[PDB]
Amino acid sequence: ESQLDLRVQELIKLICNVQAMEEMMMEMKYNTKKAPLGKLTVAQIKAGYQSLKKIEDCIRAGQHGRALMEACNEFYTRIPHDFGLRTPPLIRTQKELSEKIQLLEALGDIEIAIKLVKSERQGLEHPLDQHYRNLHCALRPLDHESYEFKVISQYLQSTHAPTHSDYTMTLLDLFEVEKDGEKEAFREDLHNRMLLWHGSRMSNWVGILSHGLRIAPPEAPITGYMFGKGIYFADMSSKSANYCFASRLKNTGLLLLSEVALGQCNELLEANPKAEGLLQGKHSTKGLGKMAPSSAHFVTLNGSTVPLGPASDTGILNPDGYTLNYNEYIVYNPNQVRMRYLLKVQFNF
């Protein structure tokens, strides 16, 4: 006897699909049989991070021989992969390391989803109502003719980046987000409050909606995070939407809009994993892109600057090396974040 609005019922059914998570983890080659997702613990995942840090130590020492082979073998033993007939590959590039961190990140958010969906049943409540209660996060659908829908649609469409031309986006539905406790934790005192994008894999939304956006743990290798262990946002919808990792066959995903208390940004042209130690008073890191929304179109929504598009050149160019195409924003404390809107997005490849 579900008491939820049907749109919220659809949302819960989408993000609590444990079998869809199983599929995604198999595409990342995690062995869903040898280590079932229902048999996932924080300790298993912590040991995996510690193995990745040992791998990082080998990479920074230029040790691509025995020491790296066994450090990788230890990671693959603690986090079982199914490579079928092939031999597990060595991890020595930053991207190869990053791919394994992303795998561990999905496991951590799936672990939260498993505890939630397997949590104590009722028989008095519809299952979706139980799962929704166990989120401790209000999800309120907004009317498609509403003003909020119009401005979010404009933000989504007007900040789609030109270099992301292989797909367009259609807003299927829109929910207001109010996670228990975030208002009382939020740094209302800080300036430069912006409504910014965050995209994530479908496996992670139960954890994100339940536990909020959070920092990478200390046991994670620092070089996996280009601007340090923070929470990353964009002002271009498509740059965040790329981190949904939607596909031709799985072209439905979610995008998150959050009020971000940026304060004073430490501006940077290129990546630095140690950027948090460079704050020294400032409250956020801004990686500078060559294209960004301009102030002329900025609007305001419940106290936050919505950086509506179109985007234009910023004259930013890094002579030292590589230049970011688009901005990214990083805060290092979740009390600078308040989740606001959840977009159900169709990817039209």
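Residue numbers here begin at 1 and follow the sequence given. We call the rigid core whatever largest set of C-alpha positions still superposes within 1.5 Å between the two forms.
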{"query": "Outlying stretch relative to shown form, 88 to 96 versus 256 to 264 in 5 other deposited structures of this protein, C-alpha RMS (core)", "finding": "88 to 96"}
{"query": "Which of 277 to 285 and 31 to 39 lies farther from this form in 5 other deposited structures of this protein, as RMS of C-alpha positions after a rigid core fit", "finding": "31 to 39"}
{"query": "Segment of higher mean CA temperature factor, 67 to 75 or 239 to 247", "finding": "67 to 75"}
{"query": "Mean C-alpha B-factor comparison - 254 to 262 and 140 to 148, higher one", "finding": "140 to 148"}
{"query": "Member of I101, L174, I215, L85 with the greatest C-alpha B factor (per the PDB record)", "finding": "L85"}
{"query": "Residue with maximal Cα B-factor (values as given in the PDB entry) among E96, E182, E105, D189", "finding": "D189"}
{"query": "Third of the chain's Cα B-factor distribution that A35 belongs to, per the entry", "finding": "middle"}
{"query": "Third of the chain's Cα B-factor distribution that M21 belongs to, per the entry", "finding": "middle"}
{"query": "Within-chain third of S284 by Cα B-factor, per the entry", "finding": "lowest"}
{"query": "Ranked against its chain, the third holding the CA B-factor of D166", "finding": "highest"}
{"query": "Entry-reported Cα temperature factor of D129, expressed as the chain third it lands in", "finding": "middle"}
